[PDB]
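Shown here is one chain on its own, the form deposited in one PDB entry, set out as structure tokens.
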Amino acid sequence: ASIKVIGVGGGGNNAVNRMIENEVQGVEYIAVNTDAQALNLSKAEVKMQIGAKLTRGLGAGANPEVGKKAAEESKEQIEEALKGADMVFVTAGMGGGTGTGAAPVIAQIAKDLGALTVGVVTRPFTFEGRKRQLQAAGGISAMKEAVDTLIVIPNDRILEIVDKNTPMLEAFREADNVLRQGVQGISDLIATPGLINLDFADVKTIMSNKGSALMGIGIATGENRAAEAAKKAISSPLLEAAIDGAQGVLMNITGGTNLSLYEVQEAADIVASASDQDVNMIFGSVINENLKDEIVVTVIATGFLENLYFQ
């Protein structure tokens, strides 16, 4: 019901701006940062500088311990901002100071206020280096303890989706779009008009597994678009483990006014077929009138036990 999306650090702030630009419905936005200049580029109504005394508005120096202390020092302000939320999406890039350190604090605060708490985070590109990778892993570990479900987006896999000539700036931009998709894929089903909506209880079920979660996105146009987009979503490089490993599955199929119930069910069947016979699966559909013939299928698959996929 009351849904808040809280963007923590640069990548999270970008995901929040993308949602606002795209007029995503039914949610309140909160932008959090230690970097006051980055925060002043936010489009969010609620802009929350944390660590003012500690960081002086200059960011966390890529130190997760500073992001953490900043969040701890602004605990009261965060609690007030999230008060009464039924669901909170805590969205952040991992590997820096602010996202890595503050997001897990914010997540535990959201849990403590009684919110269904969903983390949506990116693992940094390998090109960012080993220190970024290691810090990110620390953050992902803390986030996993602090949320109900943690959706982890591997940025390296984005480089498998986009053109090989994609510039680095656009690669980051695409990462932040995938973050936005991880949030909107779920929130739209609860908040926005479609052929099939889900209530909080429905979502709440699959979003309360242990392990971690992954997402896949598929886009298609043309007569066989529903089957094609559904297969693309489950075959997505973002979905690093096959969906038959998942304990729960949510499917969102979004399209224009020419998307039919038959297409929704056909896509759902394909996803169900690739899943465990005992999966808990839910699905919905929403209409975006700016789509003509394009449809977008987002699968969120939860309950992957990390130990099963250890290299």
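So that the term is clear: the rigid core is the largest set of C-alpha atoms that superpose within 1.5 Å between two forms. Start at 1 and count along the sequence shown; that's the residue number.
- Relative to one another, 157 to 165 and 69 to 77 have unequal mean CA B-factors, and 157 to 165 is the one with the higher figure.
- The stretch 39 to 47 shows the higher mean C-alpha B-factor when 39 to 47 is compared against 246 to 254 in the entry.
- In the deposited coordinates, the residue among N17, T298, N288, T302 with the greatest CA B-factor is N288.
- Out of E228, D188, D199, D176, it is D199 whose C-alpha atom has the highest B-factor in the PDB entry.
- When the CA B factors of the chain's modelled residues are split into thirds, the value for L308 lands in the lowest one.
- Sort the chain's modelled residues by C-alpha temperature factor and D269 lands in the middle third, per the entry.
- Annotation for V5: CA B-factor lies in the lowest third of the chain's modelled residues.
- When all modelled residues of the chain are sorted by CA temperature factor, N224 is found within the middle third.
- In the PDB entry, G194 places in the highest third of its chain by CA B-factor.
The discussion below concerns the form deposited in another entry, not included here.
- The comparison between the shown form and the other one, aligned on the rigid core, picks out a single residue among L159, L116, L195, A81 whose CA moves by 2 Å or more, and that residue is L195.
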